[PDB]
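> Quick one: this structure, given as structure tokens, is what I'll be asking you about.
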Amino acid sequence: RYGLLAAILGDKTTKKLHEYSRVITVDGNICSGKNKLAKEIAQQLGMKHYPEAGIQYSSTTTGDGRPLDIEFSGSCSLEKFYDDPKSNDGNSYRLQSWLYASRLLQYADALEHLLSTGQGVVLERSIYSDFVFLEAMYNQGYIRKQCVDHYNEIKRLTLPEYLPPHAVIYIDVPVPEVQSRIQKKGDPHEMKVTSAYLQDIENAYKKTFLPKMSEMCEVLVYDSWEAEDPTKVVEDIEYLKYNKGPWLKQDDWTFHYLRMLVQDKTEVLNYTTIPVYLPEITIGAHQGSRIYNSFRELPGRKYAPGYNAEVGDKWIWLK
Amino acid sequence: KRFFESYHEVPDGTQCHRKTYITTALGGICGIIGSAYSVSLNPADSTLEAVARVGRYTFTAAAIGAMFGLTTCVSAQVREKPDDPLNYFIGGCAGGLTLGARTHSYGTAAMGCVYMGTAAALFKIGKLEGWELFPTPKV
Amino acid sequence: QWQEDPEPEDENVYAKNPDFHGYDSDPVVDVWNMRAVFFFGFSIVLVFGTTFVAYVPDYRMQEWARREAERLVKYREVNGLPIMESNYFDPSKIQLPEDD
Amino acid sequence: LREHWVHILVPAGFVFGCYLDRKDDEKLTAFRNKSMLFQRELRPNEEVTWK
Amino acid sequence: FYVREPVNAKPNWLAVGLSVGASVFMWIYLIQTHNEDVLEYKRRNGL
Amino acid sequence: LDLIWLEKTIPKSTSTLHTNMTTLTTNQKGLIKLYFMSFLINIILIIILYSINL
Amino acid sequence: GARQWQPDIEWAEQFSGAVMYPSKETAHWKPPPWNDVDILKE
Amino acid sequence: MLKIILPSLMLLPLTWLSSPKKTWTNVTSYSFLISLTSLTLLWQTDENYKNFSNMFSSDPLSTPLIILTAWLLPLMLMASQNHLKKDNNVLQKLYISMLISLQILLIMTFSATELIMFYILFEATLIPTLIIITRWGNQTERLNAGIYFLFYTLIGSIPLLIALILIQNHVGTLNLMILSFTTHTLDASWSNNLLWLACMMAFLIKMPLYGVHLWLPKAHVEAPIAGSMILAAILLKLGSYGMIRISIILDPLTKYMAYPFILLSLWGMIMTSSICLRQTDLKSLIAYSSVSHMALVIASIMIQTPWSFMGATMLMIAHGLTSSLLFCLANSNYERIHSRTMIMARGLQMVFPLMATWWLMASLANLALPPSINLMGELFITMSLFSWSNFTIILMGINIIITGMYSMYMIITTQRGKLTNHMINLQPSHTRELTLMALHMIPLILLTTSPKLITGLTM
Amino acid sequence: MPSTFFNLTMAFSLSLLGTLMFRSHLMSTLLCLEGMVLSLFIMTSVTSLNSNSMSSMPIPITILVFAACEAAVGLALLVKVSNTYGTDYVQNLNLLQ
Amino acid sequence: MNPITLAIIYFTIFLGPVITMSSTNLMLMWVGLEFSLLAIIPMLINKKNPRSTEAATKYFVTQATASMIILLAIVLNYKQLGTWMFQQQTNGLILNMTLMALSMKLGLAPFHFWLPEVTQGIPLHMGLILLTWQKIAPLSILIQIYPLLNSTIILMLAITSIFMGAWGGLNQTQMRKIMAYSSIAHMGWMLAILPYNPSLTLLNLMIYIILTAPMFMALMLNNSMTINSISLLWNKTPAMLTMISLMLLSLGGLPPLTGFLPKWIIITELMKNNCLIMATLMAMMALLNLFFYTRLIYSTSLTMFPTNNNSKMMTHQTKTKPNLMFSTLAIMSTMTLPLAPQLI
Ligand SMILES: CCCCCCCCCCCCCCCCCC(=O)OC[C@H](COP(=O)(O)OCCN)OC(=O)CCCCCCCCCCCCCCCCC
Ligand SMILES: Nc1ncnc2c1ncn2[C@@H]1O[C@H](COP(=O)(O)OP(=O)(O)O)[C@@H](O)[C@H]1O
């Protein structure tokens with residue numbers, strides 16, 4: 001694995017970086033046709049387009065990559081999020097906390113690809129933009145105040161270490177038009193979502209996310225019309241100058257340490273498991289032991305990658 | 001230092017005055033040292049407040065010193081048996097009680113009595129059996 | 001509230017496996033976990049053990065001493081010696097502190 | 001010795017055990033026959049009293 | 001398989017040969033040392 | 001005599017004696033001046049321990 | 001039908017706090033930030 | 001004695017290597033035979049103790065126990081196959097191994113020549129026991145119970161460590177054989193009067209004395225059945241075995257330094273026996289029964305008359321077997337009832353006919369019915385105690401009357417009276433439950449036929 | 001010399017009492033700390049000079065060279081502190097409590 | 001760190017103790033101590049968090065004044081004996097200074113306040129070096145001069161440390177500080193036998209190093225500075241729960257494990273030398289150390305604390321492995337007791 005040995009002997013990120021190599025996130029409301037833009041921009045500069053973080057994004061990330069059972073993936077339902085807001089069990093907060101962990105894994109995987117291959121990164125919504133969902137959830141009855149504090153504490157502990165998005169794109173369509181966009185896409189859980197809740201999501205971006213990041217990175221606001229025109233947006237990205245931002249000080253000997261972090265997923269989310277016992281987050285020892293003693297028995301997961309024979313690994317007796 | 005040692009030279013139960021004086025001093029000395037650490041760390045709020053604490057600790061310690069000395073000497077006098085851990089225990093017993101009072105707690109007097117007295121008794125035994133503390137390396 | 005499992009009930013292992021012997025849920029392991037426990041437990045420890053322990057010979061010499069007494073009592077009585085003399089270590093061997 | 005290699009673990013311990021306990025004797029063999037109560041003289045064609 | 005392949009799937013064949021080969025050098029030096037030692041002991045003393 | 005008197009005396013008391021002793025020894029401001037002074041006191045006492053037992 | 005009692009949240013709570021046996025004042029003490037970095041600034 | 005031990009160690013490899021489904025039978029079947037090899041030590045056709053080798057010895061006092069220590073591992077593993085059958089297949093193999101190490105360690109401790117070998121192995125047995133009690137303990141309070149079991153033994157243990165290193169310097173070897181054939185006569189100083197207390201106190205603590213016995217009621221309450229069997233049958237007796245081998249030295253002081261303990265024990269015997277009379281938890285009552293019947297033992301290992309000692313050896317082996325039997329049947333009621341309360345579960349004989357016969361015989365062993373080694377034991381300690389002072393019969397006479405009352409009350413309010421209306425219906429008795437009992441009592445019947453084997457060193 | 005050697009030694013103890021009794025600014029301490037190194041340097045040089053022990057003069061200077069860097073490290077910590085608090089008072093160094 | 005700087009520093013942090021040990025001219029022993037002081041300070045502030053600057057500024061002042069006191073002892077000796085090194089004739093006060101000073105750098109007894117605080121603000125890694133490769137240097141200087149030091153003081157610093165360490169540890173819940181406190185305690189035993197049998201100090205140290213180095217690489221495997229954090233070990237990595245259990249009970253003196261030997265032979269040597277007063281009190285409060293060790297045992301192993309849902313996410317990802325050293329130093333430490341005779 002990458003180490004100071006490799007750094008000492010060549011393997012420097014600096015010499016692998018090029019103009020097209022940046023961390024570009026595109027953030028929008030629940031429905032901004034964001035997906036297309038990203039894949040489009042991705043297609044433009046060959047940028048590895050990372051999909052929006054999912055409940056089982058981590059399982060697709062690890063081992064076989066087949067989707068995990070819900071309880072193995074933290075028992076989070078976006079579906080139940082919508083049909084049962086302010087639920088007794090709090091699936092909505094557990095959904096949000098797992099989502100933050102998933103993008104933490106996605107952002108870290110993205111940074112690892114960026115510093116190793118040197119190909120730039122498009123990851124849709126980012127950890128920085130995740131807060132808008134929680135702000136809106138606390139604005140209504142979805143989450144209580146402490147729940148907010150617990151997310152903020154995890155965010156303050158883990159997000160600063162990772163370097164900021166080079167530029168952020170904002171595909172904005174008004175509160176009413178996204179709900180009609182919602183109305184025609186087929187899922188019924190997305191439908192019937194609060195107009196005021198959608199109001200709080202985009203308002204939270206405009207009030208906090210874009211100004212905040214307006215110095216940390218090159219924010220590119222785009223209206224819907226500019227959108228659906230990947231060519232134009234792509235053009236503008238190729239147009240902005242990547243100057244302002246903390247990325248300027250990343251010398252090779254500084255990148256090495258950041259790389260070795262993202263290279264270690266177990267650390268990336270080390271502070272995501274901090275022992276703060278808010279009730280929704282708590283596994284519980286008896287349920288948690290069963291869930292672990294069950295997730296660990298899945299084929300290829302009992303032992304470390306390369307050593308479990310079930311999936312067809314061989315040479316274990318000499319590894 | 002020739003002083004403190006004197007306590008041991010004269011047979012126990014005899015010349016209680018000297019005994020009580022010496023014991024009172026040792027306690028008081030400990031009081032000063034104890035107050036000092038208590039003031040250096042966990043400081044006070046005003047110089048006077050701390051001077052008071054020094055006094056409080058010094059007196060309390062001086063008291064435990066006195067009663068220990070007095071009780072042990074007298075217990076031996078009245079009992080007429082000079083060499084007996086019990087004399088000291090009664091003394092340590094008393095000493096603890098003074099500490100308990102100064103701290104205004106019956107419970108402390110309990111632990112104080114038992115623990116303190118036992119310790120003093122062991123001192124007597126130690127002297128009687130010639131136990132050596134902090135010994136030079138003789139391997 | 002935090003997440004934890006709902007109380008697990010204890011199964012009536014006697015509902016299935018109506019021949020349950022108390023060792024394990026699946027029937028063959030049970031049968032073979034009593035056919036080997038009654039056997040190694042009772043059949044060759046309580047039986048072979050008691051046989052061997054019963055046949056330990058003259059344990060702690062108490063079968064030897066009821067004869068040695070008999071020939072000593074036979075010998076001492078016929079030769080007129082006291083059956084249990086009153087000093088064991090002979091007085092001659094002892095070198096008592098002379099002065100005291 | 002297949003699928004029966006876990007039944008011959010304990011038994012084997014016994015043998016090894018007996019191998020050591022009869023080896024301890026070999027070490028503690030002074031006073032082999034030099035004890036007072038049991039100091040017989042070697043019977044013809046017998047190497048040592050107790051082995 | 002795995003989306004992210006293991007780094008250990010096919011053996012580090014160097015790690016075998018310096019692990020196996022090292023141990024066989026240990027023994028051949030160790031057993032040598034003993035018999036050699038026994039001799040030195042015998043000759044240095046009576047036998 | 002069982003429960004309270006034989007549990008308050010031997011098992012519980014020893015529990016309390018320590019608990020209280022840790023509370024005083026570990027309640028420290030964290031300020032360096034205080035701590036350091038204590039180093040001063042120590043030097044003084046050790047200077048004496050040698051002096052009087054010269 | 002048995003659940004050896006595994007510790008609940010409350011049993012866990014005590015072990016939090018910057019001192020196990022909190023004193024009257026030391027009770028005020030607050031656990032140090034997990035990141036080992038503090039918020040103070042001015 | 002490395003067949004009683006090496007084959008034992010190999011059990012550990014078998015519990016781990018063996019199949020999850022077959023792990024239980026390989027381990028239980030093999031240690032039954034391990035007990036059969038243990039029986040060979042009983043072949044003493046002469047008085048000379050059997051010094052197997054430098055470190056390992058077995059004399060009349062240890063031999064009756066080594067066999068019991070080997071015997072209970074099979075039983076312990078049979079009584080814990082139910083609870084611990086809900087585990088993950090690696091928690092079991094840990095519990096089985098923990099039980100295996102206890103007798104490996106206990107077999108060695110009872111079969112150890114060097115007294116400090118006793119100490120290292122003596123205090124090691126706490127590690128396996130604390131894990132068995134704390135990790136698998138059902139109640140919320142086992143963390144507490146574990147603390148009590150570790151500290152009371154540990155605070156007693158370090159004084160013994162200092163004392164034994166002390167005698168090694170004073171005499172020059174801690175070898176029980178030599179220490180016996182050498183002149184170690186304490187000199188009744190004030191210091192020696194402390195040495196004696198240092199050596200005996202650690203042993204007196206795990207042998208619950210009236211003053212320090214609170215650890216045992218708390219420990220057996222939340223301990224799993226296998227841990228409670230081990231604590232009552234072998235663990236507490238470690239303290240007695242120690243007092244027999246350590247008082248060979250410190251010969252003069254115990255003549256006058258024992259009064260304090262003797263009186264603590266005999267008055268303790270009465271009060272511990274009496275509180276059994278109104279205690280709602282059955283496991284609680286058996287535990288205090290264990291304290292009282294062990295208070296008799298510390299009052300015979302201190303009077304130090306030949307009869308006391310073998311009264312002690314008789315009672316320790318006998319009470320060990322009886323107590324487990326009581327703790328084992330208490331568990332069978334606990335698992336179906338799901339509560340330790342004595343008042344619930346009334347009338348069981350009506351629904352569990354045989355377990356009640358086992359309950360009756362266990363209680364008759366608990367009280368002193370005469371054709372039992374249990375009575376021979378008490379009859380002998382009683383005799384010597386009477387010799388020490390004729391008045392002792394009064395206190396050892398209030399205990400006999402109380403012991404009869406609580407022993408029968410356990411039978412009268414648990415196994416007689418009208419049946420409880422409808423507790424969770426009580427499933428019939430497994431054959432394992434009944435054998436685990438039969439395995440305890442059939443040896444109690446066989447030993448009573450020839451008491452000579454468990455008579456101690458004295459006789 | 002015997003007389004003087006006393007003054008220097010007490011100078012080191014007066015400097016000792018100084019560094020072991022802080023008051024506000026740290027730079028004072030570090031400064032005091034240096035007062036000792038001067039007293040040690042002076043005493044080492046003095047005895048070496050009146051023992052005519054020239055083989056040892058290297059030491060009086062090695063003492064200063066190591067002491068200078070030691071102080072360099074000390075001041076960089078000091079600058080680091082009045083960059084994080086900007087007041088350099090031993091008073092605010094209490095987060096570790 | 002520019003890898004070059006990393007090398008220079010690390011070399012100094014390593015040349016620092018080595019010069020001390022190898023040289024006999026005390027002066028050269030002092031600069032060995034001086035380097036160690038200079039090399040450790042850069043690493044201590046690597047995060048450069050506000051807590052860190054506090055740590056280093058304390059460590060440095062405590063280390064610096066002690067270094068100056070050690071130099072004063074060498075300077076004074078130079079005038080009481082022309083030699084640059086302590087000798088039979090050395091004035092008693094000259095040696096006592098060296099004991100106090102060196103007991104400050106090692107942080108024993110009434111000077112035990114800096115260590116717990118610097119152990120709290122430095123990373124787990126630099127915590128190990130600050131606890132174990134920085135104790136070798138000063139101890140070397142003491143072990144060399146043992147014939148001449150005072151039996152009384154050492155014992156007082158020894159006993160005090162044992163008590164302070166134990167009592168301090170009972171209350172602490174931060175792991176870094178629990179270890180800092182343990183080190184104070186073990187350091188105490190070590191300095192107790194120095195006047196009598198230095199060779200045992202070197203055993204009570206190695207065993208402490210072979211015990212603490214695995215224990216800390218355990219704390220950082222999951223980088224848990226909280227007991228609550230180490231308690232969820234069962235979910236993050238279940239196997240280390242078994243050995244973490246034995247190593248911590250080994251750190252305290254419980255008899256089957258390797259940890260008993262250092263306490264056992266130190267007690268045997270002190271009783272051989274007749275300190276049956278001192279040895280007894282030390283062993284007794286030594287038992288207090290195990291109480292806080294077992295309280296941690298409870299939280300981490302014997303009882304399973306509740307975990308957060310995101311812990312399932314960290315399980316998914318492959319856990320970066322613990323270096324081999326953990327194993328080799330966990331076993332050689334948890335169970336070597338059967339081989340004690342050859343160790344001593
Ligand atoms: C002198 C005797 C000293 C004491 C010996 C007996 C105690 C040994 C130490 C036990 C300390 C820990 C107690 C609590 C352990 C909890 C273990 C647990 O919770 O299970 C999970 C753990 C790891 O799990 P994993 O192997 O990855 O797979 C299963 C995933 N659920 O599962 C595991 O950890 C499995 C491996 C556990 C270690 C096996 C040890 C077996 C027992 C060793 C006995 C040695 C006896 C030596 C006798 C010497 C006599 C001279
Ligand atoms: N933190 C969050 N909390 C709740 N829902 C979220 C969060 N992050 C993303 N989502 C979900 O993502 C959905 C939007 O994704 P969508 O735009 O459909 O993906 P695509 O980019 O493929 O079109 C929303 O319905 C929203 O519920």
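Looks like electron microscopy, 4.2 Å, at least that's what the header says.
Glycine is no exception: its Cβ is also placed from the backbone N, Cα and C atoms.
The feature transmembrane segment is assigned by Swiss-Prot to H:23-43, H:60-80, H:90-110, H:113-133, H:147-167, H:224-244, H:257-277, H:284-303, H:308-330, H:350-370, H:392-412, H:434-454 (among others), with sequence analysis given as support.
Give me the local environment of each listed feature.
Counting only same-chain residues 6+ beyond the ends of the transmembrane segment (H:23-43), those with a CB under 8 A from a CB of the stretch are 1, 3-4, 7-8, 11, 14-15, 50, 58, 63, 66-67, 70-71, 73-74, 77-78, 81, 92-93, 96, 100, 107, 453.
Beyond its flanks by at least six residues, the transmembrane segment (H:60-80) meets 1, 4, 8, 11, 24, 27-28, 31-32, 34-35, 38-39, 41-42, 44, 49, 95-96, 99-100, 102-103, 106-107, 110-111, 224-226, 229-230, 233-234, 237, 241, 244-245, 313, 316-317, 320-321, 324, 328, 331, 432, 435-436, 439-440, 443, 453-457 of its own chain at Cβ-Cβ distances under 8 Å.
Within the chain carrying the transmembrane segment (H:90-110), a Cβ under 8 angstroms from the stretch's Cβ atoms is held by residues 1, 4-5, 8-9, 11-12, 15-16, 20, 23-24, 27, 31, 38, 56, 62, 65-66, 69-70, 72-73, 76-77, 80, 84, 117-118, 121-122, 124-125, 128-129, 131-132, 136, 226, 230, 234-235, 238, 241, all 6 or more beyond its ends.
Panel annotation: around the transmembrane segment (H:113-133), residues 51, 54-57, 95, 98-99, 101-102, 105-106, 142, 145-146, 149-150, 153-154, 157, 160-161, 164-165, 168, 174-177, 179, 219, 222-224, 226-227, 230-231, 235, 238, 242, 245-246 of the same chain, lying at least six beyond its termini, place a Cβ under 8 Å from a Cβ of the stretch.
Within the chain carrying the transmembrane segment (H:147-167), a Cβ under 8 angstroms from the stretch's Cβ atoms is held by residues 115-116, 119, 122-123, 126, 129-130, 133, 174, 179, 184, 195, 197-199, 201-206, 212, 214-215, 218-219, 249, all 6 or more beyond its ends.
Within the chain, the transmembrane segment (H:257-277) has long-range Cβ neighbours (under 8 A, six or more residues past its boundaries) at 193, 196-197, 200, 204, 209-211, 213, 285, 288-289, 291-292, 295-296, 298-299, 302-303, 385, 388, 392, 395-396, 398-399, 402-403, 405-406, 409.
Distant neighbours of the transmembrane segment (H:284-303): 204, 207-210, 213, 216-217, 220-221, 232, 236, 240, 243-244, 247, 254, 258, 261-262, 265-266, 268-270, 272-273, 275-276, 309, 311-312, 315-316, 319, 323, 326-327, 330, 340, 342, 366, 378, 380-381, 384-385, 387-388, 396, 399, 403, 406-407, 410; these residues of the same chain sit at least 6 beyond its ends, with a Cβ under 8 Å from one of its Cβ atoms.
Counting only same-chain residues 6+ beyond the ends of the transmembrane segment (H:350-370), those with a CB under 8 A from a CB of the stretch are 289, 318, 321-322, 325-326, 329, 332, 378-379, 400, 403-404, 407-408, 410-411, 414-415, 419, 426, 428-429, 433-434, 437-438, 440-441, 444.
Cβ atoms under 8 Å from those of the transmembrane segment (H:392-412) belong to residues 266-267, 269-270, 273-274, 276-277, 282, 285-286, 289, 292-293, 296, 326, 342, 359-360, 363-364, 366-368, 378, 381-382, 385-386 of the same chain, restricted to positions at least 6 beyond its ends.
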> Cβ under 8 Å to the transmembrane segment (H:308-330), counting only same-chain residues 6 or more beyond its ends: which ones?
60-61, 64-65, 68, 72, 75, 79, 220, 225, 228-229, 232-234, 237, 240, 244, 282-283, 286, 289-290, 293-294, 296-297, 300-301, 340, 355, 358-359, 362-363, 365-366, 372-374, 376-385, 410, 433, 436-437, 440-441, 443-444, 447, 451, 454-459
